[PDB]
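First up is the structure itself, then whatever we jot down about it.
Number of protein chains: 2
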Amino acid sequence: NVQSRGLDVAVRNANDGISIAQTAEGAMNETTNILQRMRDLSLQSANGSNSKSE
Amino acid sequence: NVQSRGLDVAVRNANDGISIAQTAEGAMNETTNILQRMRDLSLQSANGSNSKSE
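Written out as structure tokens, the structure reads:
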């Protein structure tokens, strides 16, 4: 009985860890999107048709 | 006759002893229940998802 209750609480703890990883990974997905947008901006800026204003 | 009366009081004493043992056993049953509850709580606390408030 002690083992079964410990297994239940261990399942709860593992679910909490999965939740934390999911939240962090969603924030990381948004970070990746922003970084890709910045990469596109940097590639556009490197062209020779631009001047200081662009 | 002495022997028979002694046997009657002896079975009375044995019944009283079993009664004491049953009272103690009940107390220890609640003790184990509380101990298992604290063990579940401690296992929950050991997880890394919790902060200091939990």
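Read top to bottom, the protein sequences are chains H and I. The opening residue of the first sequence carries number 55 in the authors' numbering; numbering runs sequentially from there. The opening residue of the second sequence carries number 55 in the authors' numbering; numbering runs sequentially from there. C-beta: ideal position from N, C-alpha, C; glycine also.
**Request:** Show which residues of chain H have a CB atom less than 8 Å away from the CB atom of residue 93(I).
**Result:** 56, 59, 60
**Item:** Backbone secondary structure at residue 102(H) - three-state DSSP
**Value:** coil
**Prompt:** In chain I, which residues lie less than 7 Å from residue 63(H) when you measure between Cβ atoms?
**Reply:** 94, 97, 98
**Request:** Could you list the residues in the region 73–91 of chain H with a C-beta less than 8 Å from some C-beta on chain I, going in chain order?
**Result:** 73, 74
**Request:** Could you tell me whether any Cβ in chain H is nearer than 9 Å to the Cβ of residue 103(I)?
**Result:** yes
**Request:** Kindly list the residues whose CB is nearer than 8 Å to the CB of residue 96(H), restricted to its own chain and excluding five residues on each side of it in sequence; keep chain order.
**Result:** none
**Request:** Flag residue 66(I) as yes when its Cβ comes closer than 8 Å to any non-hydrogen atom of the ligand MG, and as no otherwise.
**Result:** Among the components modelled here there is no ligand, and therefore nothing to report on the ligand MG.
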